[PDB]
């Protein structure tokens, strides 16, 4: 599961579709943990954004950030003419407030996220498209 920090209008089609599919998984994971009696204090949340080990957990107390980003992802999918089936933002008001924080990444954090996306495309640029156009080489 990978959450990106870059503007959704700048994502390659493949990356946009992947994040649309994967971001909501975090909500379900928190629900599962809440049902198991866990609290935010039970998690080791990094103080700064990271990729890899601890990436998903970093967002456990930042669900409002994710909710707002899911709004943007859906809108970008529709803008590109993609046929997505769920066009509604998930209601997360059932999750305890301590997990529903917001977040504003610094440009240095965004640069880490951007570098990972760049690196993936560079591997085989023909696998990526933007509005269906092969602009990556």
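Positions refer to the first chain, counted from 1.
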### Message
So, looking at the entry's B-factor column for Cα atoms, which has the higher mean, 24-32 or 45-53?
### Response
45-53
### Message
If you take the mean CA temperature factor per stretch, which one wins between 79-87 and 92-100?
### Response
79-87
## Note on the structure
Top Cα B-factor in this entry, restricted to 116, 15, 129, 124, sits on 124
### Chain-wide C-alpha B factor ranking for residue 134, given as lowest, middle or highest third
middle
### Task
State the tercile, meaning the lowest, middle or highest third, of residue 40 with respect to the CA B-factors recorded for its chain.
highest
